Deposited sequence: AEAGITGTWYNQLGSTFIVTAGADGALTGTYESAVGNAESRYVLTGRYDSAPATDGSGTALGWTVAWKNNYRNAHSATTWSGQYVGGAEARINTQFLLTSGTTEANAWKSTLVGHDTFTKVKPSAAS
């Protein structure tokens, strides 16, 4: 039950649809704040109570702005009434070769159905 609307604590929001083939498509977010998303998930997880692996990408360019960057989220989906997606991310900005060593940030996030 990944298909739907998810929320984090800092006010961001995303709507996804999960395909039977393992595809993930949606938008991350006013129009000025919407971005395309795309990803993949394991459409045949284990039955031993492990979570379902997935990930997705967003570049921070739309018809109105371009921050010259992209983020990837990597983590897992856990069902139940407390259904959540736990992730860790990587955010990279384009840079001159001299400044590449400080081009990527790392962090974590949790999304809920409510």
property: Missing CA stretches, deposited numbering from 1, N-terminus first; result: 1 to 3, 33 to 36, 122 to 127
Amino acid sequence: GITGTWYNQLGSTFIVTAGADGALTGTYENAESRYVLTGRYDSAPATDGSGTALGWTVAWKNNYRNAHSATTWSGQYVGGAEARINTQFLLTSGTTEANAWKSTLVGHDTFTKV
From here on, numbers count along this sequence of modelled residues.
property: Higher-B stretch (mean Cα B-factor, as the entry records it), 56 to 64 or 75 to 83; result: 75 to 83
property: Which of 43 to 51 and 65 to 73 has higher mean CA B factor, as the PDB entry lists it; result: 43 to 51
property: Ranked C-alpha temperature factor of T25 among modelled chain residues, by third; result: lowest
property: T92 - Cα temperature factor, lowest/middle/highest third of chain; result: lowest
property: Chain thirds of CA B-factor: placement of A100; result: highest
property: Third of chain Cα B-factors occupied by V106; result: lowest
